[PDB]
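See below for the structure under consideration.
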Amino acid sequence: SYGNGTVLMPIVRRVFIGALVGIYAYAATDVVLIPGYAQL
Amino acid sequence: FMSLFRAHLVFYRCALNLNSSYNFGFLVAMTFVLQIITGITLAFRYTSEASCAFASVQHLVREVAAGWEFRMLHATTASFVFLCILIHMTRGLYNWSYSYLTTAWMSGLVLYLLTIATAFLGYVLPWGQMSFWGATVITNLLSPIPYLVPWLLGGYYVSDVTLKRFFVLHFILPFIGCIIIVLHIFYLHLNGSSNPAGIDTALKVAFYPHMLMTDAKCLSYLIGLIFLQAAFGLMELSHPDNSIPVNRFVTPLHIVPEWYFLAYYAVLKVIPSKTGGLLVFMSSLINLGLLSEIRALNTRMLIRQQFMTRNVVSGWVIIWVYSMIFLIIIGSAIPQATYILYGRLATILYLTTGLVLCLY
Amino acid sequence: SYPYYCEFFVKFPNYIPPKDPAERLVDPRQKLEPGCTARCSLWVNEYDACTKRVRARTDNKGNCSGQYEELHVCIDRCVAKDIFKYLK
Amino acid sequence: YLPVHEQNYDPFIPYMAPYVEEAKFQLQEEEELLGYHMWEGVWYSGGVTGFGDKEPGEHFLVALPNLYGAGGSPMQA
Amino acid sequence: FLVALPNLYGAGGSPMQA
Amino acid sequence: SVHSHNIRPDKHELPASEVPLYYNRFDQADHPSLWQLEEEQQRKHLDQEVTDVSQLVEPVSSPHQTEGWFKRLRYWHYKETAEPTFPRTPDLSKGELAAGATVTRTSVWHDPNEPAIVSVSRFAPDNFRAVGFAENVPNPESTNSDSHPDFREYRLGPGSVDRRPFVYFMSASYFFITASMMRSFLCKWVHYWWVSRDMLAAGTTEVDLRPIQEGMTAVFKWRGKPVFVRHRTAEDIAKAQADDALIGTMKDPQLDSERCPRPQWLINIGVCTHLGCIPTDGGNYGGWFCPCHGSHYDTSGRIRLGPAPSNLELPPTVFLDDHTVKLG
Amino acid sequence: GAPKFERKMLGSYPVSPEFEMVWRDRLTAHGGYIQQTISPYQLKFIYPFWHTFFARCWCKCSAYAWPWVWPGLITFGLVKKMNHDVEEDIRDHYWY
Amino acid sequence: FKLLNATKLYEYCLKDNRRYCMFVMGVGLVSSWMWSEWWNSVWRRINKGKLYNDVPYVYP
Amino acid sequence: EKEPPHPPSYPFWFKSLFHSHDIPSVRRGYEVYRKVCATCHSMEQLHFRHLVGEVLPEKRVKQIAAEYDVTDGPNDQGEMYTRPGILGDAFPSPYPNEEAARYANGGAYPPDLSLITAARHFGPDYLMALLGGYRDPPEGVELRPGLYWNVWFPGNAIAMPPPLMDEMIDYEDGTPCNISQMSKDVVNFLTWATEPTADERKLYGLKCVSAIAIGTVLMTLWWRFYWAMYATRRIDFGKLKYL
Amino acid sequence: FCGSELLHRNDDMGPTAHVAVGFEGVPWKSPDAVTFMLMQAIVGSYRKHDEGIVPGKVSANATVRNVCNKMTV
Ligand SMILES: CCCCCCCCCCCCCCCCCC(=O)OC[C@H](COP(=O)([O-])OCC(O)COP(=O)([O-])OC[C@@H](COC(=O)CCCCCCCCCCCCCCCCC)OC(=O)CCCCCCCCCCCCCCCCC)OC(=O)CCCCCCCCCCCCCCCCC
Ligand SMILES: CCCCCCCCCCCCCCCCCC(=O)OC[C@H](COP(=O)([O-])OCC(O)COP(=O)([O-])OC[C@@H](COC(=O)CCCCCCCCCCCCCCCCC)OC(=O)CCCCCCCCCCCCCCCCC)OC(=O)CCCCCCCCCCCCCCCCC
Ligand SMILES: CCCCCCCCCCCCCCCCCC(=O)OC[C@H](COP(=O)([O-])OCC(O)COP(=O)([O-])OC[C@@H](COC(=O)CCCCCCCCCCCCCCCCC)OC(=O)CCCCCCCCCCCCCCCCC)OC(=O)CCCCCCCCCCCCCCCCC
Ligand SMILES: CCCCCCCCCCCCCCCCCC(=O)OC[C@H](COP(=O)([O-])OCC[N+](C)(C)C)OC(=O)CCCCCCCCCCCCCCCCC
Ligand code: HEC
Ligand code: HEM
Ligand code: HEM
Ligand SMILES: COc1cc2[nH]c(C)c(-c3ccc(Oc4ccc(OC(F)(F)F)cc4)cc3)c(=O)c2cc1Cl
Ligand SMILES: O=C1C(O)=C([C@H]2CC[C@H](c3ccc(Cl)cc3)CC2)C(=O)c2ccccc21
Ligand code: FES
């Protein structure tokens, strides 16, 4: 917002949301899908 | 610096209805100061050599005046550090303190990470079986990157070099703690504390007479309880197996970390992929960090009242607490299929109820 | 860390004198064992059952260490109530 | 608890609405007409970091504005 | 020294401008 | 402050001109002064008696508002999702609210019969008040309910004792327990720097004197310190005894016969009385010389020159045999 | 902290440093008020606590029933059922 | 309270803070030692015939 | 693997909060340890200094220490020698190194007992149970030579032979000897040896906790003293109600 | 004599606050009455508007002096 000094927490917000999407994608690939393809 | 003392700890004005649940910060600070005193006086007689560390700790107990007292106070006050921190965290999950105390909440998380590191480094210094094999496990856990583990160890395996640098690091970190505490309090008093009612009120009252006495009362209780447990040994907080000298080629037949590490241990028991293991810790900590800017994740204007009193729905924080306790229970037990099954149930609950805090 | 942990409301026995100075050249446990043996009869029952079934099955693998362990844990947990009355 | 005869009212009346809507209008127009770019400033001058703040010493790197004297307050300038 | 650092927030001030 | 607002467009949350979460019925006045009148003409629910929870008036707004996965709280009022360029027109016939954007970017305030300057004057936010406002909104007279106890039932009145003694006795008691505990802590901490219980410094030893030769000095270990045993020559004895005539001049006068109960045997603690160094062979008086600051001792142990304040200290000793000695 | 329109003072005397926090949190007394207090040397101070004990305790315990105890009971249930499952497993897998 | 007020402890020992401190220190000093010796006696009373002093060793 | 059972709780004199150790039992336990258990175990942390005044009189302890040859040196020729033990020396040990200990005990290592009750679950109750625990094998199980069945040792098979035998030792106070009595007395002795500072610790604890509790009462009163002045305050809006 | 406060908070009457504080005194006929008459004078009074010829910052009365030098204003 205009007239405010908080400028570094928004960046961390976007980085964190990014990182969680990342982690969940990789976890689905690692723990579920790759084994599943051995059971498919 | 006296004028600051008066501005922040004497004339500072609080809300009338701050009950005991707002006294636990002061308490963790006090356990810090106390742990520092006993630390320094333990360092004067400790030996940082793999050949003789163990007997160095035994010499304090056997042949030194009041030798036993400082070791046992230091050992027992750690448990209270962690217990007070967990109460202190849960209070602010319950109240949604992080709605406006954004940077304070971030600082809190950093302090908790510091405390975990400090405790675990301490846990290796007496140099028994549990110490050696715990260090082995946690160093293998951060293996994904080449050469980082032999470098941090100092060596191809846990060694006297490792002991020396763990001792120095355990010396240093608490004081960095203290600096971050000053930072913490800066962010806090920039805003001002919340009520249990979560309203804004003008019925304020100064600190020195009313709230200082409650701080003192709780302080008396805590000093009491620490000495009770320290002198008489009511609870088996620490497992016996650190009482055995180290053997590099034989593990102990039964394994139980310190209680404040059991939940983590439970995860490492039940998730198949080791990287999945580590990623669960990383993800949960990232989720907690994300709460600092919860006001942005939605366009409805936010309130701090969670209306958990009389509520049949309860609240996600309570489910989180019970899931965590269940994980401690399962942590403690042997590896068996049924324990693992209920482990995985509890783990899913623990992860989901943390994710869901953002969905108002 | 501690050698032991305190127990609340423990009951401390008075030393029952032996009726004959020679009476405790033989282990007092022998005088408490019968009663407890009678109290843990269900474990004896199950151990004998398993013994029979193991001897019968004929595929040549089997054992009854479980039920044996339970039997003797029962007997010991019974004996522990009175053994210290007979020791100084 | 209060007596039950003190509790005979409807708590969910919306008495703030006409004012919240006006506030939203007024604070939206300022974003539109002033906040549309990432403006550039002088760093660590005037008690403000320079990246956008307009109240002195609200951030850690601009804490402790004085070393001597009696200080002061922003509201009395 | 024991009356150093009069403020923790704000812009400070000077005695000569009171 | 350090806190942003979050006015932005949103696709999960429609604007409040589209979907208000509050109950959208408001009365409107030509001038806010008129709101005075209603406060002295309406009835109020808090002026009337009820006795059971089941008699409390029922809320006007519906329970069924907010939906979605994992949403505990089902009721809200206000949101800051942003308005479009052309807002939805309020229908004043249904008593809907007209405020901010919907006054500026809408024709709502228009009336055929009236000047525009007069017409717009009725759409300030003070001219609107919800339905039920005068009947339900509380306005306390005190923080204290008449059904609870205040100081009047606890005040100590005429006839009462003085309680200063009791108060200050209470706090003095607290403090003297506190001080005892603090002193105990400091005493334990001091004691913890003291020497350990394994050391004890106890012991005694014996020495066989057959192998020694005249003019030789032997050295032995005793209670952590060195001890010299010397088989003096006749000339060493004579050197010691010649300086008995100059005892006047010495810093620590003593005669040789005391220091050698057997004249040919000299025994001392091997340590400089100045600051603890170990004297070496030689010096100006055929005795010993300390290299750390330059003290000299004679052939009997006596301090002749330098900063050391006393002679070499005699250990507690006994001759067991003609040829064996006991230390300690 | 407080909004700028609340922390605007009527006086003009310089705020002393030891009062910083006091005036950062200034708030207006809209409508004014009257208050009375008695010196604690002229009050009873342990009888007022017990005199109002039952009301306070009813309130506190009522507030916590559903949110804390009911999930607690469910969790205790789950532990008991887990124990059942384990004590049956240990015989199925290893007893003949 | 009338009894306590009659002892005039406040007038002489607690109304002046220097005397308040003197009182605190001295009462500490004496009370601590009395408490200690009393607990010593209890520890000997409960444990009679179990401690080292109560059952001398007799040489063979 | 399996969850091992939990021992029963025996009423040892010390496991109350107000009780000390029971010194006659400690003397008898020490005698048992010397005559039996010191054949294969060690207590490297114990010195005879520890027994004087706490368990035994000094004279007797010196005479005990004199029974052993203890190695010392070097001498003037740089050779080592043997001398009679003194009050300052640690307890002797039966094997020169772990390898020899394993060589004499079929591969297993007899642990050092200097902290044994603090190095096991349920401590003395476990040790008391273990010494009782030797029994014949169950149906369907057989153990290889030099291995024994015990119902309280984890996994039930243990390398230590049956430990106790009636009148294998004798007492100087006159008490009759049997395996149960020896069990009680040696467990008492080892529990003491695990931390001789126990009684000091507990007696200090009592004073500390009592005084701190009295403190707590006083501070509670002081806190309520200030609670009551604002809990009972009156605030009125508009006009004065009561006075 | 009761030790209590009675405060009327009001922010719509300008910048000035008025206060009075009281202690328990002695009767007309008490021996110490005169001493009380003297103590009242030892503390004395002050006005910022009208001051005589002695500046408050140098006055012989220490209470006036301490009040007039606070924060230099
Ligand atoms: C095993 C599996 C699990 C793994 C773990 C997974 C964990 C996941 C969850 C993560 C949780 C959150 C982590 C932190 C996120 C921070 C995000 C952020 O930027 O927030 C912005 C936010 C403010 O943003 P804003 O509102 O937009 O305000 C705009 C302002 O302009 C902004 O200015 P301002 O003045 O208002 O703000 C203060 C300013 C300025 O602050 C200061 O000047 C304070 C300086 C204090 C120094 C004291 C010594 C500290 C030494 C490091 C200790 C690390 C301990 C780590 C714990 C584990 C130990 C093993 O600091 C910042 O802005 C933050 C800078 C980045 C902080 C990073 C902290 C973490 C890493 C630090 C260590 C890095 C590794 C190398 C060194 C390791 C040595 C052990 O700031 C905070 O909330 C920070 C709170 C304080 C916490 C950090 C305190 C330490 C500061 C260290 C600074 C770097 C130097 C390090 C030492 C190097 C030489 C040795
Ligand atoms: C102690 C400090 C030393 C003193 C000196 C100060 C040092 C700081 C210098 C670095 C800053 C250079 C960049 C200049 C930007 C100028 C923009 C402008 O016109 O200003 C207005 C503009 C704010 O006006 P506004 O747009 O009206 O405000 C609305 C909000 O910003 C909300 O806007 P929104 O929500 O619409 O989103 C806008 C957002 C949209 O974009 C995003 O949100 C993208 C998110 C994607 C995720 C990926 C992460 C993005 C962050 C990149 C970080 C990489 C840098 C580190 C590289 C390490 C290399 C070793 O825009 C950006 O993110 C663009 C700016 C990003 C730049 C951040 C990195 C700049 C550092 C470059 C030098 C790196 C060398 C460092 C060496 C190692 C030591 C640190 O300024 C900023 O946004 C500030 C950005 C820079 C961060 C603040 C600087 C830190 C100050 C605190 C010191 C903490 C030190 C802790 C250590 C303590 C030791 C003890
Ligand atoms: C190789 C093998 C392969 C095997 C494959 C097998 C695959 C099986 C998959 C099963 C999937 C089941 C779920 C189907 C969902 C269908 C959704 C749908 O059709 O949506 C249409 C439609 C979507 O439209 P919409 O616009 O979203 O409207 C819906 C609203 O948004 C809704 O919002 P609203 O406002 O209308 O409602 C209020 C709202 C808000 O309500 C609340 O907030 C109330 C909360 C009250 C909580 C009180 C708790 C107090 C007690 C605490 C006790 C302590 C516990 C903690 C401590 C314990 C110790 C650790 O309610 C909810 O949020 C309800 C949440 C229900 C969660 C159910 C979760 C089921 C999980 C099943 C397991 C899945 C796998 C797990 C992970 C595996 C590993 C990755 O939704 C509906 O019409 C509503 C349907 C709702 C259905 C819920 C009940 C489902 C029952 C499924 C039974 C499955 C049995 C499986 C047996 C398997 C045997 C092998
Ligand atoms: C400067 C370093 C000092 C270190 C202190 C250690 C000293 C030795 C051990 C204690 C000795 C006994 C105490 C001194 C005597 C009492 C002082 C005195 O004169 O009383 C003045 C006064 C006594 O007031 P009073 O009202 O009781 O009586 C005075 C009035 N007359 C004379 C009329 C009776 O004490 C106070 O008012 C102190 C206010 C605080 C009370 C509560 C304190 C409890 C602790 C709070 C938290 C502690 C954590 C913070 C510490 C940081 C480190 C962790
Ligand atoms: C040589 C014949 C021994 C004598 C005499 C005693 N012990 Fe021992 N002990 C010995 C061996 C070879 C072992 C190894 C057992 C194994 O399974 O590896 C042990 C072991 C113990 C233990 C450990 C128990 C455990 O659960 O780990 C204890 C507590 C123990 N022994 C105690 C003990 C006592 C009290 C003795 C005197 C009565 C004693 N032992 C004698 C060898 C020998
Ligand atoms: C928050 C602060 C601290 C915490 C939480 C902490 C935690 C711990 C823990 C858990 C142990 C294990 C003790 C045991 O297992 O018996 C330990 C041991 C130790 N700590 Fe720390 N510690 C802190 C501060 C310090 C400081 C400041 C120092 C020194 C300056 C220090 C020095 C030591 C030493 C020497 C040991 C070894 C104890 C032993 O060998 O018996 N500690 N610490
Ligand atoms: C060494 C560790 C810590 C210390 C010394 C500490 C200290 C304090 C103190 C003294 C307070 C004010 C009084 C009180 O609340 O008790 C406080 C408040 C607070 N702390 Fe901590 N804290 C620590 C850890 C944490 C952690 C781990 C978190 C969060 C994860 C946290 C978040 C908060 C919040 C949100 C508040 C204010 C809550 C509110 O005002 O409603 N702190 N802390
Ligand atoms: C019950 O309700 C409350 C209790 C509270 N208790 C306390 C103890 C404080 C507090 C802590 C520290 C402080 O200043 C300090 C910072 C850092 C230091 O450094 C270190 F390491 F702690 F010593 C010391 C000192 C100033 C104030 C509060 O604000 C506080 C607020 C509320 Cl609402
Ligand atoms: O197998 C383990 C094990 O898994 C851990 C674990 C417990 C959790 C610890 C931990 C996990 C996460 C964090 Cl953020 C901090 C500590 C890491 C070591 C131990 O502590 C341990 C100690 C001794 C022997 C074996 C073991
Ligand atoms: S130490 Fe010998 S002369 Fe100084």
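Quick note: numbers below take in every heavy atom, side chains included, and nothing from hydrogens, waters or symmetry partners. Atoms within a ligand are numbered from 1 in the order they appear, just like the ligands themselves. Proteins come first, then strands; the chains are lettered A, B, ... in the order of their sequence lines, and each starts at number 1.
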Item checked: B:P257 neighbourhood, listing ligand 9 atoms whose heavy-atom distance to it stays under 4.0 Å -> 19 (C), 20 (O)
Notebook entry, point to check: How far is atom 51 (C) of ligand 1 from its nearest protein heavy atom, and which residue and atom name does that atom have?
Noted result: B:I176 CG2, 4.1 Å
Next item on the list: Could you tell me the residue and atom name of the protein heavy atom closest to atom 15 (O) of ligand 6, and the distance to it rounded to 0.1 Å?
Entry: B:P126 CG, 4.1 Å
Next item on the list: Please report which non-hydrogen protein atom sits nearest to atom 63 (O) of ligand 1, along with the residue it belongs to and the distance in Å to one decimal place.
Entry: A:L8 CD2, 3.9 Å
Next item on the list: Please check atom 70 (C) of ligand 1 for a protein heavy-atom neighbour under 4.0 Å.
Entry: no
Checklist line | Residue, atom name and distance, where the atom is the protein heavy atom closest to atom 33 (O) of ligand 1 | finding: D:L61 CD1, 4.4 Å
Check: Under 4.0 Å from ligand 1, counting heavy atoms only, is it the side chain of B:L183, its backbone, both or neither?
Finding: side chain
Notebook entry, point to check: Judging by distance only, is a nitrogen or oxygen of B:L173 under 3.5 angstrom from one on ligand 1?
Noted result: no
Note to self: Among all protein heavy atoms in this structure, tell me which lies nearest to atom 6 (C) of ligand 9, with the distance rounded to 0.1 Å.
What the structure shows: B:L268 CD1, 4.4 Å
Notebook entry, point to check: Among all protein non-hydrogen atoms, which one is nearest to atom 90 (C) of ligand 1, and what is the separation to 0.1 Å?
Noted result: B:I180 CD1, 4.0 Å
Check: Which residue supplies the protein heavy atom nearest to atom 14 (C) of ligand 6, what is that atom called, and how far is it?
Finding: B:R71 NH1, 4.0 Å
Item checked: Nearest non-hydrogen protein atom, atom 11 (C) of ligand 1 -> B:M106 CE, 4.2 Å
Notebook entry, point to check: Side chain, backbone, both or neither: which part of D:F51 has a heavy atom under 4.0 Å from ligand 1?
Noted result: neither
Checklist line | Contact atoms of ligand 9, heavy-atom distance to B:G134 under 4.0 Å | finding: 21 (C), 22 (C), 23 (C), 24 (C)
Notebook entry, point to check: Does the protein put a heavy atom under 4.0 Å from atom 83 (O) of ligand 1?
Noted result: yes
Notebook entry, point to check: Considering only the protein, which heavy-atom contact is closest to atom 9 (C) of ligand 9, and what is its distance?
Noted result: B:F120 CE1, 4.2 Å
Next item on the list: Mark up the atoms of ligand 1 that fall under 4.0 Å of a heavy atom belonging to B:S107, in ascending order.
Entry: 85 (C), 86 (C)
Next item on the list: Go through ligand 1 atom by atom and flag the ones less than 4.0 Å from a non-hydrogen atom of B:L285.
Entry: 3 (C), 5 (C), 6 (C), 7 (C), 8 (C), 9 (C)
Notebook entry, point to check: In terms of atom number and element, which parts of ligand 1 are under 4.0 angstrom from non-hydrogen atoms of B:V110?
Noted result: 87 (C)
Notebook entry, point to check: Looking at E:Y9, does the NZ or CZ of G:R24 lie under 6.0 angstrom from its six-membered ring centre and within 45 degrees of the ring axis?
Noted result: yes
Checklist line | Taking atom 10 (C) of ligand 1 as the reference point, the nearest protein heavy atom with its distance | finding: A:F16 CZ, 4.5 Å
Notebook entry, point to check: Going by the order shown, which atoms of ligand 1 are within less than 4.0 Å of some heavy atom of A:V7?
Noted result: 27 (O)
Margin query: Could you check whether A:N4 and F:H5, counting side-chain N and O atoms only, form a donor-acceptor pair closer than 3.5 Å?
Written below: no
Check: What is the nearest protein non-hydrogen atom to atom 1 (C) of ligand 6, stated with its residue, atom name and distance?
Finding: B:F32 CE1, 3.4 Å
Checklist line | Least distance between heavy atoms, B:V149 atom then B:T139 atom | finding: CG2-O, 3.4 Å
Checklist line | Proximal atoms of ligand 6 relative to B:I40 (non-hydrogen, under 4.0 Å) | finding: 29 (C), 30 (C)
Note to self: My understanding is that we take every heavy atom of each candidate and find the minimum distance to atom 17 (C) of ligand 9. Doing that for B:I138, B:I116, B:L278, B:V267, which one comes out nearest?
What the structure shows: B:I138
Notebook entry, point to check: Which protein atoms of type N, O or S are found under 2.8 Å from atom 21 (Fe) of ligand 6?
Noted result: B:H74 NE2, B:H170 NE2
Next item on the list: Taking only heavy atoms of B:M130 into account, list the atoms of ligand 9 that are under 4.0 Å away from them.
Entry: 23 (C)
Notebook entry, point to check: At a 4.0 Å threshold, what atoms of ligand 9 neighbour a non-hydrogen atom of B:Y265?
Noted result: 1 (O), 2 (C), 3 (C), 4 (O)
Margin query: Please tell me if atom 87 (C) of ligand 1 is touched by the protein, where touching means a protein heavy-atom distance below 4.0 Å.
Written below: yes
Next item on the list: Tell me whether the guanidinium CZ or amine NZ of B:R295 lies under 6.0 angstrom from the six-membered ring centre of B:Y98 and within 45° of its axis.
Entry: no
Notebook entry, point to check: So which heavy atom in the protein is nearest atom 12 (C) of ligand 9, and how far is it from that ligand atom?
Noted result: B:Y264 CG, 3.9 Å
Checklist line | Nearest-neighbour protein heavy atom for atom 54 (C) of ligand 1, which is reported as residue plus atom name and distance | finding: B:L114 CD2, 4.8 Å
Margin query: If the contact criterion is a heavy-atom separation under 4.0 Å, does B:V81 count as touching ligand 6?
Written below: no
Note to self: Considering non-hydrogen atoms of the protein only, which is the closest contact for atom 60 (C) of ligand 1, and what is the distance?
What the structure shows: B:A117 CB, 3.6 Å
Next item on the list: Give the atoms of ligand 1, by number and element, whose distance to some non-hydrogen atom of B:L278 is under 4.0 Å.
Entry: 1 (C), 2 (C)
